[PDB]
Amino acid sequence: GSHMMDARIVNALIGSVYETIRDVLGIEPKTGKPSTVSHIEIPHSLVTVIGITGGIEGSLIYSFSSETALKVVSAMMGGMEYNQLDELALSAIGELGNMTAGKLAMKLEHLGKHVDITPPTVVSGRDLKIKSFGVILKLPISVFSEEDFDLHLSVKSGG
């Protein structure tokens, strides 16, 4: 049962964000200031969940608008036009999360924390609310536009 979340974990998260959206999207992101939040407040219609076990128990969750997603997917495909979030689109979105989570695990297994990453599960919908357990950390991220990316790290334990 975590009540706090180690700085090394935050810095490994932040590091994984740059390396990831850079290599997968071709864009150097502008991470925000990390902060602990009472719960997850999603304004967006898209949300991706990646479970984490072992070293740390919790998840990694990111979300954005339908608009931002189309850019993301279009960027992930060399910049080619994409106007409908179909199966292929939603898989690209999930993969972005998988990569970020993949880099995080990688960096983490050097600080002593060994973790397993569950495959992503993408959820699109309207008045989305999300219940996460453990200490919730928020990381505002700017990819294309100012704070167009929400990244939340749920830490039930391992902190």
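Heads up: residue numbers just count along the shown sequence, starting at 1.
Margin query: If you average the CA temperature factors as listed in the entry, which stretch comes out higher, 106-114 or 43-51?
Written below: According to the entry, 106-114 carries the higher average C-alpha B-factor.
Notebook entry, point to check: Can you tell me which stretch has the higher mean Cα B-factor, 137-145 or 5-13?
Noted result: Stretch with the higher mean C-alpha B-factor: 5-13.
Next item on the list: Select one of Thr31, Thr121, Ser63, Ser132: the residue whose C-alpha shows the highest B-factor in the crystal structure entry.
Entry: Top of the list by C-alpha B-factor: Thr31.
Next item on the list: Ordered by C-alpha B-factor within the chain, which third holds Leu70? Give me lowest, middle or highest, please.
Entry: Top third by C-alpha B-factor.
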